[PDB]
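This document opens with one chain alone, in structure tokens, the form solved without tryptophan.
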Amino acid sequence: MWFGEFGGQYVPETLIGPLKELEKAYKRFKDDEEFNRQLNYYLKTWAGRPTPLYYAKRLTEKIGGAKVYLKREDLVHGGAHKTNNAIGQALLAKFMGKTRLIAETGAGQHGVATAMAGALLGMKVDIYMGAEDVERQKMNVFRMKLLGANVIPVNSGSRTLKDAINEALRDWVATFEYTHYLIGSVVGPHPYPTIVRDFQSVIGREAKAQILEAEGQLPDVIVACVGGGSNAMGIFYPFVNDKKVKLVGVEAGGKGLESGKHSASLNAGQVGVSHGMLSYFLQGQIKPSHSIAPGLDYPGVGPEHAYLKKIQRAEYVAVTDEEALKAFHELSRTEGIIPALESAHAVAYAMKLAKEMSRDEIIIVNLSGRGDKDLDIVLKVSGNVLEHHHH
């Protein structure tokens, strides 16, 4: 239910019924032999798990400090970690007898992942997406439609991710008998922060096994970008009880923390109740975020991160648009890996942190997705660079 003070289930009575049935089913099926037979089968044969853990040898040597490893969620089917949660919850929906999936999306990656998982399991898919996001993500919207999903543009409110979540919750209240609302991050009312984190925890379990195989020891630091916080919780959670392992979440610093154009909810947000949970939200109404990374757009953050921040188990930092863009280019040129702009925030901070650390020490960076989806954004900025040759 709660993570310290944070999280909870602060919703109207119309949502209590749907959420209670979801909790019961989840407790029912999470450790069921037949459910896990199918989930592991799809994660293996369809999604391509396990993803590798890659030693960024050239990057490590260039910086001249700590060893930089990359957990390669960019290689998951769909090109992002979102698929892990999409498969888990969609299979849960199938086991519950649901025939329809709905989901919110901002960047379009979770919408694509949900569309993919729904197509896989023969379920109807409607994706709620803010009209301003629909406009910025033409090709992800087209991907969703190719996969058999319908994209419902949300014209209410600010026409962004927060509004898409609002419309999806309204839909689910009416249609929960046959519809499962597939939330895409560790956010919303209980049991969603737990369910999404549980379905992303495979990342950390693989990473722990892989780093023990590669280095004979646990990492000194784990760095992941934090939007809502699902990829970060996925890689963090299996290391939480290893006190050796430092955990660093990287939020979108945008145009600077002083500018008020960022998505650093943990850093500069206010504690409040929204979307059925107590957590940090940026504001005194909740406002749309800003980041070069379309995926770091949720105005709040998961309550388990708010908890880990308060008990000082994880540190949370910010990286600017400029810094993330530099890391996008650096990783591409140095390791031949084009990262998602979300993931590039984590790469950017890991590079700064590696410089200050010892050559015997180990950083794992969660590479939450690949950057094919971001090429239009990077082309637009790269085309506008003045004297690109000598700079």
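One rule holds for the numbers: they count along the sequence shown, beginning at 1.
Counting the unmodelled positions of the deposited sequence between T99 and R100 gives zero. Comparing the deposited coordinates for 380-388 and 2-10, the stretch with the larger average C-alpha B-factor is 380-388.
Mean CA temperature factor is higher for 242-250 when stretches 109-117 and 242-250 are set side by side in the entry. In this entry, the residue among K145, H305, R205, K287 with the greatest C-alpha B factor is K287.
Highest CA B-factor among the listed residues (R136, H77, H180, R72): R136. Ranked against the other modelled residues of its chain, the C-alpha B-factor of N366 as given in the entry falls in the lowest third.
When all modelled residues of the chain are sorted by CA temperature factor, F199 is found within the lowest third. In this PDB entry, the Cα temperature factor of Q217 sits in the middle third of its chain's modelled residues. When the CA B factors of the chain's modelled residues are split into thirds, the value for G256 lands in the highest one.
In the deposited entry, the Cα temperature factor of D360 places it in the highest third of its chain's modelled residues.
Missing here is the form solved in complex with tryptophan; even so, the following discussion is about that form.
From the list 317-325, 236-244, 273-281, 204-212, the contact stretch for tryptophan in the deposited bound form under a 4.5 Å heavy atom rule is 273-281. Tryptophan in the deposited bound form comes within 4.5 Å of no heavy atom belonging to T99. Although the partner is absent here, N166 sits close enough that one of its heavy atoms falls within 4.5 Å of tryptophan in the deposited bound form. In the deposited bound form, at least one heavy atom of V11 sits within 4.5 Å of a heavy atom of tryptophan. Interface residue remark: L15 is counted as part of the site for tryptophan in the deposited bound form, having a heavy atom within 4.5 Å.
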